[PDB]
file work_12.cif (mmCIF, C-alpha atoms)
data_structure
loop_
_atom_site.group_PDB
_atom_site.id
_atom_site.type_symbol
_atom_site.label_atom_id
_atom_site.label_comp_id
_atom_site.auth_asym_id
_atom_site.auth_seq_id
_atom_site.Cartn_x
_atom_site.Cartn_y
_atom_site.Cartn_z
ATOM 1 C CA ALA Z 22 8.855 6.558 -9.597
ATOM 2 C CA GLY Z 23 5.648 4.575 -8.929
ATOM 3 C CA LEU Z 24 5.791 1.469 -6.680
ATOM 4 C CA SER Z 25 3.415 -1.554 -6.721
ATOM 5 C CA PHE Z 26 3.176 -4.061 -3.778
ATOM 6 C CA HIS Z 27 0.963 -7.176 -4.366
ATOM 7 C CA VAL Z 28 -0.773 -7.639 -0.979
ATOM 8 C CA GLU Z 29 -2.593 -10.881 -2.007
ATOM 9 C CA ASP Z 30 -4.297 -11.073 1.468
ATOM 10 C CA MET Z 31 -6.009 -7.665 0.864
ATOM 11 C CA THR Z 32 -9.781 -8.294 0.461
ATOM 12 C CA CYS Z 33 -12.366 -5.440 -0.094
ATOM 13 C CA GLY Z 34 -12.016 -1.617 0.271
ATOM 14 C CA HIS Z 35 -12.289 -2.001 4.103
ATOM 15 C CA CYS Z 36 -8.843 -3.726 4.258
ATOM 16 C CA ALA Z 37 -7.556 -1.766 1.217
ATOM 17 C CA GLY Z 38 -8.720 1.525 2.804
ATOM 18 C CA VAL Z 39 -6.526 1.315 5.943
ATOM 19 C CA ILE Z 40 -3.451 0.566 3.703
ATOM 20 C CA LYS Z 41 -4.208 3.680 1.589
ATOM 21 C CA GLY Z 42 -4.643 5.800 4.744
ATOM 22 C CA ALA Z 43 -1.410 4.424 6.324
ATOM 23 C CA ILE Z 44 0.926 5.415 3.436
ATOM 24 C CA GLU Z 45 -0.958 8.597 2.290
ATOM 25 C CA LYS Z 46 -0.995 10.232 5.792
ATOM 26 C CA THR Z 47 2.704 9.403 6.470
ATOM 27 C CA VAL Z 48 3.786 10.593 2.951
ATOM 28 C CA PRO Z 49 1.902 13.693 1.543
ATOM 29 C CA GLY Z 50 2.315 13.022 -2.226
ATOM 30 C CA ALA Z 51 2.206 9.176 -2.284
ATOM 31 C CA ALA Z 52 -0.593 8.478 -4.830
ATOM 32 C CA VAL Z 53 -2.184 5.419 -3.149
ATOM 33 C CA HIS Z 54 -4.482 2.894 -4.903
ATOM 34 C CA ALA Z 55 -5.001 -0.386 -3.051
ATOM 35 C CA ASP Z 56 -7.150 -2.503 -5.422
ATOM 36 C CA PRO Z 57 -9.029 -5.610 -3.971
ATOM 37 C CA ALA Z 58 -9.344 -7.308 -7.444
ATOM 38 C CA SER Z 59 -5.665 -6.784 -8.494
ATOM 39 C CA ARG Z 60 -4.484 -7.131 -4.814
ATOM 40 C CA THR Z 61 -1.985 -4.302 -5.590
ATOM 41 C CA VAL Z 62 -1.064 -1.118 -3.650
ATOM 42 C CA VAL Z 63 0.456 1.404 -6.100
ATOM 43 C CA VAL Z 64 2.114 4.625 -4.770
ATOM 44 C CA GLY Z 65 3.115 7.305 -7.341
ATOM 45 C CA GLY Z 66 5.502 10.276 -6.999
ATOM 46 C CA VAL Z 67 7.848 8.331 -4.635
ATOM 47 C CA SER Z 68 11.150 6.429 -5.236
ATOM 48 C CA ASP Z 69 11.572 5.326 -1.573
ATOM 49 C CA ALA Z 70 10.355 1.685 -1.885
ATOM 50 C CA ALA Z 71 11.976 0.743 1.464
ATOM 51 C CA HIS Z 72 10.296 3.700 3.266
ATOM 52 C CA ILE Z 73 6.808 2.882 1.839
ATOM 53 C CA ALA Z 74 7.363 -0.828 2.742
ATOM 54 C CA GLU Z 75 7.973 0.146 6.426
ATOM 55 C CA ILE Z 76 4.668 2.118 6.554
ATOM 56 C CA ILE Z 77 2.379 -0.589 5.020
ATOM 57 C CA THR Z 78 4.045 -3.408 7.102
ATOM 58 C CA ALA Z 79 3.417 -1.203 10.216
ATOM 59 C CA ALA Z 80 -0.297 -1.408 9.135
ATOM 60 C CA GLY Z 81 0.111 -5.233 9.486
ATOM 61 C CA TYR Z 82 0.262 -6.080 5.729
ATOM 62 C CA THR Z 83 3.003 -7.778 3.628
ATOM 63 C CA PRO Z 84 4.735 -5.270 1.163
ATOM 64 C CA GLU Z 85 5.460 -7.812 -1.614
#
call {"tool": "encode", "arguments": {"input": "work_12.cif", "output": "structure tokens"}}
result
Amino acid sequence: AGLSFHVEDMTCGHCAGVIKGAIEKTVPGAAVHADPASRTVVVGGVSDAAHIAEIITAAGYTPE
């Protein structure tokens, strides 16, 4: 599957970057794209929505 969490607080690739790094380092094979304009963090190759949600909320962001 490919998840998509709308983090509407996420502004610029500085705040998007740490989200990408959080999920990608914890899960080798989560295709991360946190987009400032869409406010969306998409992670491909994973079905574990709950697992991904724990990682990005540990980064201090809301996995909506």
call {"tool": "closest_residue", "arguments": {"input": "work_12.cif", "among": "Z:48, Z:22, Z:36, Z:28", "to": "residue 72 (chain Z)", "atoms": "all atoms listed in the file"}}
result
Z:48
call {"tool": "resolve_selection", "arguments": {"input": "work_12.cif", "expression": "the PyMOL selection byres ((chain Z and resi 84) around 9)", "output": "list in words"}}
result
residues 25, 26, 27, 28, 62, 73, 74, 75, 77, 78, 82, 83 and 85 of chain Z
call {"tool": "residues_around", "arguments": {"input": "work_12.cif", "residues": "residue 31 (chain Z)", "least_positions_apart": "4", "cutoff": "7 Å", "atoms": "all atoms listed in the file", "output": "ChimeraX atom specification"}}
result
/Z:36-37,57,60
call {"tool": "write_last_selection", "arguments": {"input": "work_12.cif", "atoms": "C-alpha atoms", "output": "compact mmCIF listing (two decimals), in the frame of the given file"}}
result
# COMPACT_ATOMS: atom_id res chain seq x y z
CA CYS Z 36 -8.84 -3.73 4.26
CA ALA Z 37 -7.56 -1.77 1.22
CA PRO Z 57 -9.03 -5.61 -3.97
CA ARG Z 60 -4.48 -7.13 -4.81
call {"tool": "residues_around", "arguments": {"input": "work_12.cif", "residues": "residue 52 (chain Z)", "least_positions_apart": "4", "cutoff": "7 Å", "atoms": "all atoms listed in the file", "output": "MDAnalysis selection string"}}
result
chainID Z and resid 64:66
call {"tool": "atom_distance", "arguments": {"input": "work_12.cif", "atom1": "CA of residue 40 (chain Z)", "atom2": "CA of residue 55 (chain Z)"}}
result
7.0 Å
call {"tool": "atom_distance", "arguments": {"input": "work_12.cif", "atom1": "CA of residue 79 (chain Z)", "atom2": "CA of residue 44 (chain Z)"}}
result
9.8 Å
call {"tool": "closest_residue", "arguments": {"input": "work_12.cif", "among": "Z:33, Z:70, Z:80, Z:38", "to": "residue 51 (chain Z)", "atoms": "all atoms listed in the file"}}
result
Z:70
call {"tool": "atom_distance", "arguments": {"input": "work_12.cif", "atom1": "CA of residue 76 (chain Z)", "atom2": "CA of residue 43 (chain Z)"}}
result
6.5 Å
call {"tool": "closest_residue", "arguments": {"input": "work_12.cif", "among": "Z:41, Z:63, Z:46, Z:53", "to": "residue 23 (chain Z)", "atoms": "only C-alpha atoms"}}
result
Z:63
call {"tool": "closest_residue", "arguments": {"input": "work_12.cif", "among": "Z:47, Z:35, Z:42, Z:30", "to": "residue 59 (chain Z)", "atoms": "all atoms listed in the file"}}
result
Z:30
call {"tool": "decode", "arguments": {"input": "work_12.cif", "residues": "chain Z", "atoms": "C-alpha atoms", "output": "mmCIF file, in the first residue's frame"}}
result
data_model
loop_
_atom_site.group_PDB
_atom_site.id
_atom_site.type_symbol
_atom_site.label_atom_id
_atom_site.label_comp_id
_atom_site.auth_asym_id
_atom_site.auth_seq_id
_atom_site.Cartn_x
_atom_site.Cartn_y
_atom_site.Cartn_z
ATOM 1 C CA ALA Z 22 0.000 0.000 0.000
ATOM 2 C CA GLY Z 23 0.871 3.729 -0.034
ATOM 3 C CA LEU Z 24 -0.210 5.940 2.910
ATOM 4 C CA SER Z 25 -0.845 9.732 2.871
ATOM 5 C CA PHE Z 26 -0.980 11.860 6.105
ATOM 6 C CA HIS Z 27 -2.029 15.555 5.673
ATOM 7 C CA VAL Z 28 0.271 17.386 8.135
ATOM 8 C CA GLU Z 29 -1.299 20.852 7.501
ATOM 9 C CA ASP Z 30 1.204 22.481 9.971
ATOM 10 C CA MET Z 31 4.175 21.318 7.794
ATOM 11 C CA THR Z 32 5.768 24.438 6.210
ATOM 12 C CA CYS Z 33 8.903 24.290 3.911
ATOM 13 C CA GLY Z 34 11.402 21.432 3.239
ATOM 14 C CA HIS Z 35 13.111 22.189 6.617
ATOM 15 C CA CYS Z 36 10.033 20.906 8.555
ATOM 16 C CA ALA Z 37 9.148 18.394 5.789
ATOM 17 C CA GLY Z 38 12.753 17.086 5.779
ATOM 18 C CA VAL Z 39 12.813 15.893 9.423
ATOM 19 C CA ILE Z 40 9.470 14.022 8.830
ATOM 20 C CA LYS Z 41 10.978 12.257 5.771
ATOM 21 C CA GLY Z 42 14.120 11.353 7.757
ATOM 22 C CA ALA Z 43 12.068 10.094 10.765
ATOM 23 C CA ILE Z 44 10.002 7.505 8.812
ATOM 24 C CA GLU Z 45 12.668 6.582 6.162
ATOM 25 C CA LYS Z 46 15.421 5.750 8.744
ATOM 26 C CA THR Z 47 13.034 3.710 10.974
ATOM 27 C CA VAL Z 48 11.535 1.838 7.937
ATOM 28 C CA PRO Z 49 14.023 0.951 5.080
ATOM 29 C CA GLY Z 50 11.564 0.824 2.120
ATOM 30 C CA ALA Z 51 9.053 3.550 3.159
ATOM 31 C CA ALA Z 52 9.025 5.851 0.076
ATOM 32 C CA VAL Z 53 8.718 9.235 1.855
ATOM 33 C CA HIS Z 54 7.561 12.495 0.194
ATOM 34 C CA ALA Z 55 6.563 15.273 2.592
ATOM 35 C CA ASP Z 56 5.298 18.098 0.324
ATOM 36 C CA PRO Z 57 5.020 21.705 1.807
ATOM 37 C CA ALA Z 58 2.444 22.834 -0.864
ATOM 38 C CA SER Z 59 0.151 19.741 -0.559
ATOM 39 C CA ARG Z 60 0.966 19.414 3.221
ATOM 40 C CA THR Z 61 1.016 15.603 2.645
ATOM 41 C CA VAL Z 62 3.501 12.895 3.759
ATOM 42 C CA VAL Z 63 3.131 9.873 1.434
ATOM 43 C CA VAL Z 64 4.924 6.561 2.279
ATOM 44 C CA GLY Z 65 4.904 3.794 -0.393
ATOM 45 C CA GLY Z 66 5.640 0.053 -0.070
ATOM 46 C CA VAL Z 67 4.097 -0.114 3.461
ATOM 47 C CA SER Z 68 0.629 -1.228 4.732
ATOM 48 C CA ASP Z 69 1.378 -0.490 8.434
ATOM 49 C CA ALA Z 70 -0.470 2.873 8.774
ATOM 50 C CA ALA Z 71 -0.462 2.613 12.604
ATOM 51 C CA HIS Z 72 3.324 1.925 12.687
ATOM 52 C CA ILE Z 73 4.143 4.890 10.363
ATOM 53 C CA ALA Z 74 1.788 7.118 12.457
ATOM 54 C CA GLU Z 75 3.813 6.292 15.637
ATOM 55 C CA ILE Z 76 7.105 7.322 13.927
ATOM 56 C CA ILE Z 77 5.926 10.719 12.516
ATOM 57 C CA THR Z 78 4.067 11.623 15.801
ATOM 58 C CA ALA Z 79 7.360 10.795 17.654
ATOM 59 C CA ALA Z 80 8.881 13.529 15.369
ATOM 60 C CA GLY Z 81 6.276 15.898 16.956
ATOM 61 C CA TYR Z 82 3.858 16.084 13.960
ATOM 62 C CA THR Z 83 0.146 15.117 13.643
ATOM 63 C CA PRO Z 84 -0.363 11.951 11.388
ATOM 64 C CA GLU Z 85 -3.776 12.966 9.968
#
